[PDB]
Each structure stands twice: as C-alpha cells, then as structure tokens.
Amino acid sequence: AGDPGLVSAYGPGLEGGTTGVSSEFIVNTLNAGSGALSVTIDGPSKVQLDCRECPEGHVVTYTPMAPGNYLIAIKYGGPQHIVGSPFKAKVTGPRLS
Ligand code: NI
C-alpha cells in the first residue's frame, strides 16, 4: 500500500528542541505512492502534534513540555518504518507544568 522506502523526512524537529517551543520537520511522500502515513512521538511528556500537508510535503509540528529523549516513529503504508525511523530527538529546558 505505497512504498515506505521512498519516504524522506528532514528538519530540526527530528533531532531536538526546547521545552515549550515548537519544533518542525517535513515528511515527503510524493514518490512513495498512496498509503497512510503514521507519526507518533513518545517521550517524557505527551506532545501536541499538528500536520499540515503542503507542496513540499507533510509539515509536522510538535511542542515538547519536558526535557529528555523523544522517539519519533514514522511508518508508511503499513507497519514498516521509513528510512531513519525511529528518530531520536533530544529536548532541553525546564520541565513545564
Ligand atoms: Ni500529514
């Protein structure tokens, strides 16, 4: 159901961020056929996730609220991870509550 091997992802949000500030990355599926994109983010806080589909691709925004390591799993057209997933993002700053 589409080819996860043809999905690329890039941007600052894949590597890091700071608490209470939004991070962004882009997932490009344009040559990967038609399939469902899955993005999950797991770590020391539950993040809010937005995706806006632009010409350059799926623009994903999230805001981490605690410092530490977040795992960003990106799968396409089934259970398979795209190349580089799960990405580990390191977030710094105060734990916000
Ligand atoms: Ni999207």
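Each ligand, and each atom within it, is numbered from 1 in the order the structure gives. In this chain, numbering begins with 1 at the start of the sequence shown. Because only heavy atoms are used, hydrogens play no part in the values below, and waters and symmetry mates are left out as well, while side chains stay in.
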Minimum heavy-atom separation for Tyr76 to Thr29, with atom names?
-> CE1-CG2, 3.7 Å
Name of the residue among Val39, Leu37, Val7 meeting side-chain contact (heavy atoms from CB on, under 4.5 Å) with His58 | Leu37
For the atom pair CD1 (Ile41) and CG (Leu49), what is the distance rounded to the nearest 0.5 Å?
-> 4.5 Å
Tally every protein N/O/S atom whose distance to the Ni ion (ligand 1) is less than 2.8 Å; waters are neither shown nor counted.
-> 2
Between the CD1 atom in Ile26 and the CG atom in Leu14, the distance rounded to the nearest 0.5 Å is 10.0 Å
Closest contact, heavy atoms only, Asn69 versus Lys90 = OD1-NZ, 2.6 Å
Roughly how far, to the nearest 0.5 Å, is the CG atom of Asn28 from the OH atom of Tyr10?
-> 7.0 Å
